[PDB]
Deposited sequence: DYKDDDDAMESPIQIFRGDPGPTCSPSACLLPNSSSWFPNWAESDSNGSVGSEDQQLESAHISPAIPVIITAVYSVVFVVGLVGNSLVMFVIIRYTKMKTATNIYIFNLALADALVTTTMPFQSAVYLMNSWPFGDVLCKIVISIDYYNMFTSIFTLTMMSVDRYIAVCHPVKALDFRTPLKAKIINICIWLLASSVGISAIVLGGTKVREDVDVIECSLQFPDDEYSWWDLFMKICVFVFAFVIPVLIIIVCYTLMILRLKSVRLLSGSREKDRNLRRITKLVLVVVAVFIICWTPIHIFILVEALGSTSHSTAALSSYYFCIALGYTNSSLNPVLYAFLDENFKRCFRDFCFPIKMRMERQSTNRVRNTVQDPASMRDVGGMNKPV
């Protein structure tokens, strides 16, 4: 047991992920060159990641001291931000996959569909949809003291009359509606996309547009794959704990889930040429 490992990971996230996501958002907002629908979805992803990053110093307290000293309102805000990030990230990735599928397999409709204004509207709709869980976490979140160890715990406060089916039902619903169905949609979309790419890879000829499409599809696929492997262990662990060394695995899964918020810019800078150019221009004008 050495507390500086996960705490150092949390601090590295708290600084680097915040800086990178802020740079991504600033670059997307400023440059008219990079105001594209996929870039708008990337902006939403970076916004969620930066929002979840600000709560990193509060997250590390329940690991350093195993108690919540920040109060009820801060507990509510932190829980709401966590649920907002979890739902918004997966929904935005699903919409990115759908947009890529439309661009690749239905170019006739993608002209009307893939305008940046529709991307902004879809981002607002995604934030509103996830608010059904964020506002619920605001209402239900709270701090309850432990009567056996005098430890303050920050968690959702289901009625103590049942507080059992409630927790299991909410965990199952979160699993189904934030992991299973969106991942199924992403898998279907990318299976069709890969089929289309293989079909025309032999003799496609619109060099500039084909290259651009294949590069953005690559970038989106890599981002989705990184998210899936970063958030897969925590979902399975939560489901197993609800239904069925353990604490070490739990905290490792939690830490791995949070590090995904910092790897998005270090992926954009390597998978996209325009993002790399803009990062260089900002760092070294």
Quiz item: Which bits of the deposited sequence have no atoms placed for their C-alpha?
Solution: 1 to 64, 309 to 314, 356 to 388
